[PDB]
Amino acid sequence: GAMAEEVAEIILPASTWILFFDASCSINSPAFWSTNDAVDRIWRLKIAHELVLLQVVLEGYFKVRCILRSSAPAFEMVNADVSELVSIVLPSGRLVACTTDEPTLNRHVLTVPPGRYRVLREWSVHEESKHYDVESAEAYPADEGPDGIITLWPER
């Protein structure tokens, strides 16, 4: 039960929002960001479960582990300070990430079967606050993090 099926980690800088979405989502195109009120249209995508939003308190470099799991995790993230159950729709199954600092990041996270997933966002503010002074992804200490874990399992 609760079997890890696919696992990957990304390390990226961010000052406010890390955004997870299907590669086919409108946010993954320049036309989304070239027109006004992109911040309102991000929130509408979140409301519509087309993106998942990872907020950070201050600018830093953060390690995010993403897991496709057969069900909800048997063990919570050990140092998590917050846990929220949301969902995401992935019409192509290609899960990618960007930030409001780098909208063109298009960072591949995982390729999962297309469909709708329950999503657990686990985040450690304590771990996040260790990494505001990280200069680069390469300088992120290998034995530290993840600052958060994003777990997907099929919405049934």
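One-based numbering along the sequence shown.
Novice: Between 117-125 and 104-112, point out the one with the higher average CA B-factor as the PDB entry records it.
Specialist: Mean CA B-factor is higher for 104-112.
Novice: Going by the B-factors listed in the PDB entry, is the mean over the C-alpha atoms higher for 129-137 or for 10-18?
Specialist: According to the PDB entry, the answer is 129-137.
Novice: For the C-alpha B-factor as written in the entry, point me to the maximum among 29, 55, 87, 70.
Specialist: So the option with the highest C-alpha B-factor is 29.
Novice: Based on the entry's values, in what third of the chain does the Cα temperature factor of residue 45 lie: lowest, middle or highest?
Specialist: Ranked within chain, residue 45 CA B lands in the middle tercile.
Novice: Ordered by C-alpha B-factor within the chain, which third holds residue 38? Give me lowest, middle or highest, please.
Specialist: Within its chain, residue 38 is a highest-third residue by C-alpha B-factor, going by the deposited values.
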